[PDB]
Each structure stands twice: as structure tokens, then as C-alpha cells.
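J.: Which chain is which? The protein sequence lines are A and B, in order. According to UniProt numbering, the residues represented by the first sequence are 217 to 242, 263 to 265, in order. Each residue of the second sequence is one higher than the last, beginning at 516 in UniProt numbering. Built from N, CA and C at the ideal position, the CB exists for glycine as well.
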Amino acid sequence: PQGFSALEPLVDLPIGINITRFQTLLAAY
Amino acid sequence: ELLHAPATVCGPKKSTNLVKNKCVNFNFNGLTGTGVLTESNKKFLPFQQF
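#1: Taking C-beta pairs closer than 7 Å, name the residues in chain B that A/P230 reaches, listed in chain order.
#2: Heavy atom of the ligand HEM less than 8 Å from the Cβ of A/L226, yes or no?
#3: Is the CB of A/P217 under 9 Å away from at least one CB in chain B?
#4: Check whether chain A comes within 9 Å of B/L533, counting only Cβ atoms and requiring the distance to be less than that.
#5: Can you tell me which of A/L242, A/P230 and A/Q218 puts its alpha carbon nearest to the alpha carbon of B/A520?
#6: Can you give me the C-alpha to C-alpha distance between B/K528 and A/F238, rounded to a whole angstrom?
#7: Would you say B/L560 lies against chain A (beta-carbon separation less than 9 Å)?
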């Protein structure tokens, strides 16, 4: 992961929900 | 009602023919100003607006 690269936007959802924690669905990240 | 979340339902918006090489009062998606419009050779990226 050595180098530089800019990230472009994908979406914008007007959900408006409070989020405090997250979990993934599944070998490394 | 209209007091629970950000507005996601909106009324239709009309459009007017655009003119070039003339001093007008333009309004592009809420961007306001005065000037003349002419063709360009800029290379806007696909996700950029102005």
C-alpha cells in the first residue's frame, strides 16, 4: 500500500439515521 | 407533513432555452450570476459540475 491515489465519489444517500457501530459480511482487511 | 427528515419529494422544475454570446441572467441548478456564455475546451472530469 505504498504510493498516492485520490478517491472519487460514488453515491450520496439521504437516509438520516444515527450510526455508531458497523460490521462486515464475509480473508483480511 | 414536512418536519421529520430532509425533503426527498420535490415539485417539477421547468427549463428554458439557453443562449450564447449575449449578456443574460443565468441560473444553473441554483448557481446565479450575470455574464455571457460561450463554448469552451475545458476537460471537466465526469463527476464535476462547475
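T.: The relevant details are as follows:
#1: Here residue 230 of chain A refers to the residue found at position 14 when the first sequence is read from its first residue. Chain B residues near A/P230: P521 and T523.
#2: Among the components of this structure there are no ligands whatsoever, and the ligand HEM is therefore not found.
#3: Within the first sequence, residue 217 of chain A is the residue found at index 1, counting from 1. No, no contact with chain B.
#4: Against the second sequence, residue 533 of chain B aligns to sequence position 18. B/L533 does not count as touching chain A.
#5: Locating residue 520 of chain B in the second sequence gives position 5, where the first residue counts as 1. Answer by Cα proximity: A/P230.
#6: Residue mapping note: residue 528 of chain B aligns to position 13 of the second sequence, counting from 1. Residue mapping note: residue 238 of chain A aligns to position 22 of the first sequence, counting from 1. If you take the alpha carbons of B/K528 and A/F238, they lie about 38 Å apart.
#7: Your numbering for residue 560 of chain B matches position 45 in the second sequence. Yes, B/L560 counts as interfacial toward chain A.
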